[PDB]
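A.B. asks: part one of the complex, untouched from its place in the assembly:
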Amino acid sequence: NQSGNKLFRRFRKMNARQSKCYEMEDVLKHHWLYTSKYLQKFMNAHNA
Amino acid sequence: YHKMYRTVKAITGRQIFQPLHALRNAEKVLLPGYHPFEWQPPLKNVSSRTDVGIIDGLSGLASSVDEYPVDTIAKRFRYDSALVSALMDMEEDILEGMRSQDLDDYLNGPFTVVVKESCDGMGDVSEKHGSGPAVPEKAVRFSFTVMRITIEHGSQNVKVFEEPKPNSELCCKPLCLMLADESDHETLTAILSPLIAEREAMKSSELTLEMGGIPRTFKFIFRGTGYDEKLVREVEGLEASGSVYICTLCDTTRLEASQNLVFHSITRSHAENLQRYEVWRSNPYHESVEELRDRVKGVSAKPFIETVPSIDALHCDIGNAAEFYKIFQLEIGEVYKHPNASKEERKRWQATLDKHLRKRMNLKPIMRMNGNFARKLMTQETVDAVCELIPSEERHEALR
Amino acid sequence: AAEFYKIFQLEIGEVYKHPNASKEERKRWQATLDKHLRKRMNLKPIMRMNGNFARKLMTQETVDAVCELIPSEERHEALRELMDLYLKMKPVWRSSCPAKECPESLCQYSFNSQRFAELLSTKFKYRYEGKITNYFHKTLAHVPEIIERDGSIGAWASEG
């Protein structure tokens, strides 16, 4: 969870709309997608 | 990504990457609220509708001026939608685990999932300009991770999934984001109570879910362990951190823990704290204040989050390292022979220890203890560098 | 921006009528201006002025949103024509080439400077009689000479 807190500041500054009514939705969506394991079997498919 | 794609397509001719909207229309398979599922006992007080994703975290709080004022912003998934999207994400790994454990693929046994909860408040986030509520400058993140998945076969349970990096930043999945104080109780309960409702609902059901052409059934075990000590004291209805009652697992006082120091046993649980708050509130024996606090062993609030009694490991590192840091700073001054000391003598002991730690162990000094400082500090090289500054040698062998 | 912020915070408490006040009264006027400025002008209260706060604060609608808090009408007229003079004078030192972006505001900068100076000396006698901040002196005194010398000031700024 603390490493998730490290991700959260990065996703809040770099991957969100800069509006107070949109930032929590965009940050929640990106942090969902980043931890998604279907998008992680792709990046180590060179190890096949 | 847009200007990378634009440059690659405008230079090399052909379209190697994909445009943005294709990524948008192919990311909806991975967000929650896409797949069908059902619960075989339908869950109490939550709809069976299966296309809800990013919903508001306030759950329709009364935002009128005639009410208790709210000023926070909260967005959350539904808990069952997040669980099914996580399981359909881990689908392929589940299949490969059932292959590699010499099982079949077409089983639909009662898969027991064991998941881990974590909640922790962040500080120094900045509210923006513009319209909106008077939002505080903190944040609370509730997130979970899927620790292991077993299945029952024959009479033994085999592990068809076990997470390799349980403390990674890639496996904790976010669930509820809000901007409120960790220690402000009321808005914290106002946001977190729907999540607890969904959890105590789905703790007694069987999720049926299609995994590659076959329906399969999952049961769940929730383990709340990713909580720091302060939040366990706050939401488990126990007292504050500096009380006479220290441990969140056993019933002992601070002076008793310095006389026995080893032999205890775990006694605190969630049902016990609920019954003890009922004892405190009802006062069914008509005792005084202090005899009642002895009777209830420090429970003075209603516990509203069920958790497992355990030990946070990271903060155990940091706390033990700061306690050893104070021991080192107190041994170079020989406080066992100078039991009285000024402020400035202790300040000078601290400055001497800081200079010698930078000279020896290449450590810059910090006021807030970290984890890397804690791992670099708890060596034998640091006790050699500190033993260089003690005049005695009995203190040398004791520190060693 | 910080000097106009102190002028607003000092004009709320009618210091021209009450030349003495405790620091708690200054704190009360600060909290009044801050919560009313979050309410009516969407600016959260900040500790250090930055450039975006200066860009949103130096508008006529900020004067329109602060003159509700101050009672007198002569004070409204003084603040309004003060901000009008300052916004006549700002695009000369902010434009990257002011002789080809705003020559009409450039050619009469001296008149707006003298009008701003006499409105500081007369209507705001309680603050700028015997002392003046440096950037006010640089702004009112020199910049026709600098814009004759080089050509621009916002091009030779330091935001890069």
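C.D. replies: Perfect, I can see it now. Numbers count the residues shown, from 1 in each chain, chains lettered A, B, ... in the order given.

A.B. asks: Chain A contacts on the stretch 51-200 of chain B?
C.D. replies: B:54, B:73-77, B:89-90, B:92-93, B:118-120, B:122, B:125, B:127-128, B:130-132, B:135, B:139, B:141, B:143, B:167-174, B:177-179 (Cβ under 8 Å from any Cβ of the partner chain). Yep, even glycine has a C-beta here, placed from its N, CA and C like the rest.

A.B. asks: mind listing which of those residues are in strands?
C.D. replies: B:74-76, B:118-120, B:122, B:139, B:141, B:143, B:173-174, B:177-178 (DSSP state E).

A.B. asks: Now, of the residues of the stretch 51-200 of chain B next to chain A, which are buried?
C.D. replies: B:54, B:73-77, B:89-90, B:93, B:118-120, B:122, B:127, B:135, B:139, B:141, B:143, B:169-174, B:177-179 (16 or more other Cβ atoms under 10 Å in any protein chain shown).

A.B. asks: near chain C, which of those show up?
C.D. replies: Residues of these in contact with chain C (Cβ under 8 Å from any Cβ): residue B:127.

A.B. asks: residues contacting the residue positioned nearest the centre of chain A?
C.D. replies: Residue closest to the average C-alpha location in chain A (Cα atoms, centre = their mean): residue A:31, at 2.9 Å. Contacts for residue A:31 (Cβ atoms under 8 Å, 6 or more residues apart in numbering or on different chains) come out as A:4, A:7-8, A:11, B:174.

A.B. asks: repeat for residue A:40
C.D. replies: Contacts of residue A:40 (Cβ under 8 Å, 6+ apart): residue B:170.

A.B. asks: Now residue C:150: phi and psi?
C.D. replies: phi -90, psi -60 (degrees, to the nearest 10).

A.B. asks: Measure how buried it is and give me the count.
C.D. replies: Burial of residue C:150 is recorded as 10 neighbouring residues (other Cβ atoms under 10 Å in any protein chain shown).

A.B. asks: throw chain D onto that model:
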Amino acid sequence: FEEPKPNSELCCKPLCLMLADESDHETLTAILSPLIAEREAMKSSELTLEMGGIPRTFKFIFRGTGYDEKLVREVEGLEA
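C.D. replies: Putting chain D together with the chains above:
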């Protein structure tokens, strides 16, 4: 050539990065005096540079505009 967007972050080209304090004067002068020596030398000469098949000739004019009021008062030798 004219810099079209002069206050960009794409055109402030870095030259020297030091881990000093601008309050400190000794280390600031010690690090910074080579660059001032080079600049003072380059103010009075010509550069010959081969630019697309042809040798061409340059000469420079340095303008120190990008200092705040505190650093100008602390460097040019005036009072605080």
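
A.B. asks: Go back to the neighbour count of residue C:150, now with chain D?
C.D. replies: Using other Cβ under 10 Å, the number of residues around residue C:150 comes to 12.

A.B. asks: Likewise for the one 10 residues further on?
C.D. replies: In terms of burial, residue C:160 registers 14 neighbours under the definition other Cβ under 10 Å.

A.B. asks: Am I right that it is in contact with residue D:8?
C.D. replies: Yes. At 6.2 Å, residue C:160 and residue D:8 qualify as touching, with contact defined as Cβ atoms under 8 Å.

A.B. asks: So is whatever helix or strand residue B:4 lives in next to chain A?
C.D. replies: Assessed by DSSP states H and E, residue B:4 sits inside helix B:2-12. No. Legend: contact between helix B:2-12 and chain A by Cβ under 8 Å from any Cβ is lacking; minimum distance shown is 13.2 Å.

A.B. asks: Beyond that helix, next helix or strand please.
C.D. replies: On the C-terminal side of helix B:2-12, the closest following helix or strand by DSSP H and E is helix B:20-25.

A.B. asks: following that following helix, which helix or strand comes up?
C.D. replies: For helix B:20-25, the succeeding helix or strand toward the C-terminus, using DSSP H and E, is strand B:37-39.

A.B. asks: Now tell me what touches the following helix or strand past that following strand from outside.
C.D. replies: Next in sequence after strand B:37-39, counting helices and strands by DSSP H and E, comes strand B:55-56. Outside strand B:55-56, the residues within contact range by Cβ under 8 Å, 6+ apart are B:74-78.

A.B. asks: who's in contact with the residue in chain B positioned nearest to chain C?
C.D. replies: Scanning chain B for the residue nearest chain C gives residue B:130, at 4.9 Å (criterion: Cβ to the nearest Cβ). Residue B:130 sits next to A:19-20, C:42 when contact means Cβ under 8 Å, 6+ apart.

A.B. asks: again, only this time at 6 Å
C.D. replies: By Cβ atoms under 6 Å, 6 or more residues apart in numbering or on different chains, the contact list for residue B:130 reads A:20, C:42.

A.B. asks: add chain E to what we have:
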Amino acid sequence: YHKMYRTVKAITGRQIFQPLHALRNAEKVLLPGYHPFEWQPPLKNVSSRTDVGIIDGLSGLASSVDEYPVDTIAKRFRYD
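C.D. replies: Chain E, in position alongside the others:
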């Protein structure tokens, strides 16, 4: 970049991006210390070496125990 290049070459079979040793070798064309140039007259107290890149901004400030304690790190380009 290494992750992106590696998995794009692993998926498409082709080599769309260059490996980063080729990026490093094509990087030095634009870093300082590449081109020939001639000052006219030569610059005072400036060497005529034309291959000087990232140098220590201390410029050989004496770091012994006997004299003034310096505690800064600096890196700089030669100005010309």
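
A.B. asks: now that chain E has been added, could you go back to the contacts of residue A:40?
C.D. replies: Listed by Cβ under 6 Å, 6+ apart, residue A:40 has no contact partners.

A.B. asks: buried residues in stretch B:61-77?
C.D. replies: For stretch B:61-77, by 16+ other Cβ under 10 Å, it's B:61, B:70, B:72-77.

A.B. asks: let me redo that: stretch B:17-28
C.D. replies: Buried-residue list, stretch B:17-28, by 16+ other Cβ under 10 Å: residue B:17.

A.B. asks: what about dumping the CA coordinates of that stretch to CSV?
C.D. replies: Provided in CSV are the C-alpha atoms of stretch B:17-28 (Å, rounded to 0.1, in the frame of the first residue of the first chain):
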residue,chain,number,x,y,z
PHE,B,17,1.0,1.8,-33.2
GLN,B,18,-2.7,2.3,-32.6
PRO,B,19,-4.7,5.5,-32.1
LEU,B,20,-5.9,6.6,-28.7
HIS,B,21,-9.6,5.7,-29.1
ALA,B,22,-8.8,2.1,-30.0
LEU,B,23,-7.0,1.8,-26.7
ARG,B,24,-10.0,3.4,-25.1
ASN,B,25,-12.4,0.9,-26.6
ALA,B,26,-10.1,-1.9,-25.7
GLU,B,27,-9.6,-0.9,-22.1
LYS,B,28,-13.2,-1.4,-21.1
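
A.B. asks: tell me how far that stretch is from the chain's mean position?
C.D. replies: 33 Å (Cα atoms, centre = their mean, to the nearest Å).

A.B. asks: Please enumerate residues in contact with that stretch?
C.D. replies: By Cβ under 6 Å, 6+ apart, stretch B:17-28 touches B:2, B:5, B:8.

A.B. asks: which residues touch the last one?
C.D. replies: When contacts are counted by Cβ under 6 Å, 6+ apart, residue B:8 is found next to B:16-17.

A.B. asks: Distance check, the closest residue to residue B:35 other than its chain neighbours against chain D.
C.D. replies: Excluding its sequence neighbours, the residue lying closest to residue B:35 (Cβ to Cβ, 6 or more residues apart in numbering or on different chains) is residue B:88, at 5.2 Å. Computed as Cβ to the nearest Cβ, to the nearest Å, the residue B:88 to chain D distance reads 43 Å.
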